[PDB]
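I have placed the structure first, in the form of structure tokens, so that the comments after it can refer back to it.
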Amino acid sequence: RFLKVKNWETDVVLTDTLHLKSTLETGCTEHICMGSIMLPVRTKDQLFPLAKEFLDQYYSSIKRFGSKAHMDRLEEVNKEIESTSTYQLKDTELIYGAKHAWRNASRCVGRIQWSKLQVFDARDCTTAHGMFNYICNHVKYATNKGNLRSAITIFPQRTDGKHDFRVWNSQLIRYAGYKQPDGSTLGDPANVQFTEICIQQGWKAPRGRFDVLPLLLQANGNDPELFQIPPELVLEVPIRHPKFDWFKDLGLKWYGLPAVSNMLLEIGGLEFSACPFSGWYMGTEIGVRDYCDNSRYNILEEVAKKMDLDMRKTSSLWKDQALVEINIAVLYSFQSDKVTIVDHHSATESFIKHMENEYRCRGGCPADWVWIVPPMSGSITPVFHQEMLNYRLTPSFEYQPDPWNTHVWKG
Amino acid sequence: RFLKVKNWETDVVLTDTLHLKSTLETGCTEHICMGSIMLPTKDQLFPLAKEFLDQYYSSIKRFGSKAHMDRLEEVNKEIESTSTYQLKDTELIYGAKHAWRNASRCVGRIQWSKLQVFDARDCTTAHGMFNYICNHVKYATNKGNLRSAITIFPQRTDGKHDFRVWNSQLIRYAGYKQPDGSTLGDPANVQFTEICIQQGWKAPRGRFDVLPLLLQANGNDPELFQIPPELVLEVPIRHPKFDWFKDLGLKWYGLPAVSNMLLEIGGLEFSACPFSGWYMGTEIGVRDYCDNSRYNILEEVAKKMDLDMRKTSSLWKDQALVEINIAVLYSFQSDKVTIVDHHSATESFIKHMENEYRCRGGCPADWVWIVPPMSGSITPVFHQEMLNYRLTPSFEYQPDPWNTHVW
Ligand code: HEM
Ligand code: HEM
Ligand SMILES: C[C@H](O)[C@H](O)[C@H]1CNc2nc(N)[nH]c(=O)c2N1
Ligand SMILES: C[C@H](O)[C@H](O)[C@H]1CNc2nc(N)[nH]c(=O)c2N1
Ligand SMILES: CCSCC(=N)NCCC[C@H](N)C(=O)O
Ligand SMILES: CCSCC(=N)NCCC[C@H](N)C(=O)O
Ligand SMILES: [Zn+2]
């Protein structure tokens, strides 16, 4: 069964066969589309199919499908699962697995880079302090003094679900949020809850607008422990505008390294509950969302005021006009400081290229339109005009519940 | 089976129960989401009639009444005897208002109940259609204080006597492929323009030529008519601060009136049912003016503003996009022709969503279409989960007639 996607700017038609390899559900039925819904212990029995399917993919990719080495590996895993109920990935399989989770991440616009990923095998890790050292090295390697490099650190897999490694931070580097007695928020409102947890655990909050949160690290199902990332390892960029000299006086800055730390990596049925990964920002992530969401730093008003726009009526498009200048500022700042960043024209154009290549070479590219289209200027980016097919391939990055909701406290 | 939608900006959660009354299929499976694809007999008719009339009689709070049973019987007798049935005026108006109500791709639905329905089921010729259409245009334009309307021509019979408006909108600009190699006018209309010329239209060959209507009655060959020029309200585009903007020579029409869709009410098919509301500014400024395959004017505007077009990262496209849109709104407001900006329209739709959740148990909405093509996340709909499903009565796409019509 062939499926066709069309681009309404170019009339290019592509044909998807890869969707035939999807197994996981989408959330949609023949009767309902949930395309815009944000979030729509395994047995021996269920594990070996998942192992076998993964190893078959791995062996095809290395052109060793059906080989003695492929067959031995299958039997070895079968027998490992039979006697221990789980199995260990070879290093080569882990790397391949992590690259594929990224390749399959349908909400990621940066996927052209999927093949260049530094994998840090942290499976020998046993303690939170151990995790801290791994994460510091990941932060330093990936930051590379502004010349950012994609990387992922993979801590030991779930066993019985009572021994999970988890990073409680949603990103390795993020700013504290503080709810005040008067209902206002200081810092990042997205991070108030986790900030509170950090404080409760013993962190001494500076209580400013850009405090880098401590890492809250859980090893082997134990209670989590706090660590300050060395500040000299935390690369930040002060935000200024090329023509507006008052912009710097807003006091904005941002960190250079986006590193998602709250997701679950699934490879061959095995579950890697701590697997922080990082790439580099697309400018709109900061300038549109983190700065201009009403539930984030919400700076549209202050900027518009400083620009002396007509704010009496929405139809003067003041919000839209402030928005462009803020994003120009973010891109200008990062580039002036030689910290990697990609604008949304460049990133979406790169993605279209990657996506076509993927159709030719792989028979598809699952893509979530709702997520891939940038949150400003949607239709002047080629992705807006691009029909996409969204479906679930393994290996994959999954969401998982926040740990404070599930963790069994040891004391 | 009962479904939650969350707003991620406000944390308000609504519970959808309306999707269980869902009839048509979506394109999506449990395996694959097609949310971003643009186009994903007597025994058939009687359930469809029953379903609609049950909902109608429920709406005037007379469900299961004698008058309800009587009508079901009447319609049933009529279908068995004539293979079809006719809607009472009341059922037609309610059907039209509700097709708009169910239009999951329309952000303007807070207005759904204020709709003028012109019953044109007594029309028999293309000339009649032309008269009805002019009258719709004039009524809806209303010297710029636009008013929503639909004109409804006779329903499909044996499918060989369809009424069709061949135009995609009542009012559109022509598109011409030139010897040069470029396109003059609106590239989206190039093919339909050729059909006008081949049918006999005398094209003025300009950038903003209003197309002639190509009207088909009773399955006959379509015929050409020019809308009286004095009935087509248009707006010259100027910017409140860039005096040079006028020199681009841009204009647009005030009346957006979609003419190529099919209205389905209670299993009956109204294949000619032009309907109109009024524009959201981004439709013209972002899509019509800046789409690469439309008038594609970003480069020229950016050139006049003296932006650095050396690199994508100066956001010169984005800067010019905002200005082009400020000019559209400003020009329409200055001429007192109804227009709505994307902030105001999306805010309205959110209020409408809440109304429909609390009074109906849901509101089908297509997020891909609802979120404006500019500044998406600074409009509240961007943050609003939406469930998309298909309810009837409905507006539906249908194949262009030049592929269907046997001359
Ligand atoms: C190298 C440059 C990269 C760029 C420019 C990029 C771009 C993006 C953007 C803009 C998002 C959406 C962020 C949001 O809206 O919150 C995203 C999401 C995502 N990316 Fe990337 N990405 C890059 C690298 C990576 C890497 C290295 C991985 C993993 C190895 C990855 C996997 C993912 C996943 C799983 C998501 C979904 C996150 C979520 O759903 O919250 N990306 N990407
Ligand atoms: C009164 C003010 C109205 C506003 C502000 C409005 C807004 C919109 C917008 C922005 C779209 C998307 C159009 C596009 O992107 O091409 C749309 C589509 C649509 N609207 Fe409206 N609309 C209005 C009136 C109406 C009326 C009167 C009807 C029916 C009687 C209607 C039914 C529809 C339908 C069926 C679509 C989908 C058309 C398509 O798929 O191309 N709307 N509307
Ligand atoms: C409700 C809606 O799905 C939600 O706002 C989504 C829309 N698109 C997005 N796209 C990106 N890249 N990131 C997001 O957080 C979201 N949020
Ligand atoms: C492929 C994609 O569905 C297509 O570009 C859609 C996206 N969203 C849209 N939204 C609206 N309102 N109108 C459109 O024409 C489109 N086009
Ligand atoms: C970690 C791989 S994906 C890299 C990326 N470009 N975005 C990650 C999310 C960042 C978030 N939107 C923020 O603005 O903090
Ligand atoms: C007719 C009911 S919906 C009214 C509307 N606001 N738009 C309809 C489509 C117009 C198109 N997007 C254009 O830019 O011409
Ligand atoms: Zn779907």
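Numbers at a glance
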| item | result |
| --- | --- |
| Evaluation of A:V370 against (1) part of a helix (DSSP H, G or I); (2) closer than 24 Å to B:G35 by Cα; (3) more than 16 Å from ligand 7 (Cβ to nearest atom) (one fails), failing number | (3) |
| Selection count, segment A:274-309, where residues are in a loop (DSSP other than H, G, I, E, B) and either surrounded by fewer than 17 Cβ atoms within 10 Å (Cβ to Cβ) or not charged (D, E, K, R) (or both) | 13 |
| When residues of segment A:316-342 are limited to those that are closer than 21 Å to B:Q333 by Cβ and not hydrophobic (A, V, I, L, M, F, W, C), the one farthest from the other protein chains (Cβ to nearest Cβ) | A:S316 |
| For A:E358: the one exception among (1) part of a helix (DSSP H, G or I); (2) closer than 26 Å to B:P372 by Cα | (2) |
| Residue ID - surrounded by the most Cβ atoms within 10 Å (Cβ to Cβ), chosen from residues in segment B:56-113 that are of a type in the set (F, W, Y), more than 16 Å from ligand 6 (Cβ to nearest atom) and within 23 Å of B:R156 (Cα to Cα) | B:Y56 |
| Odd one out for A:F334, checked against (1) assigned to a helix (DSSP H, G or I); (2) among the aromatic types (F, W, Y); (3) within 16 Å of ligand 3 (Cβ to nearest atom) | (3) |
| Members of segment A:384-411 that are outside any loop (DSSP other than H, G, I, E, B) and at the interface with another protein chain (Cβ under 10 Å from one of its Cβ atoms) | A:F384, A:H385, A:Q386, A:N390, A:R392 |
| Search result, residues across segment A:17-48 that are outside any helix (DSSP H, G or I), more than 7 Å from every other protein chain (Cβ to nearest Cβ) and in contact with a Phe, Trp or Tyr (Cβ under 9 Å, 6 or more places away or on another chain) | A:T17, A:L24, A:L39 |
| Odd one out for A:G66 among (1) within 14 Å of chain B (Cβ to nearest Cβ); (2) at positive phi | (1) |
| Positions within segment B:110-147 being in contact with a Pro (Cβ under 7 Å, 6 or more places away or on another chain) and assigned to a loop (DSSP other than H, G, I, E, B), in sequence order | B:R121, B:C123 |
| Residue list for segment B:381-395, restricted to those being of a type outside the set (A, V, I, L, M, F, W, C) and either within 13 Å of ligand 2 (Cβ to nearest atom) or under 15 Å from B:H19 (Cβ atoms) (or both) | B:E385, B:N388, B:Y389, B:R390, B:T392, B:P393, B:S394 |
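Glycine gets a Cβ as well: all are built from the backbone with ideal geometry, and neighbour counts include every protein chain shown. Bear in mind that the values in this text are calculations on the coordinates, not laboratory data.
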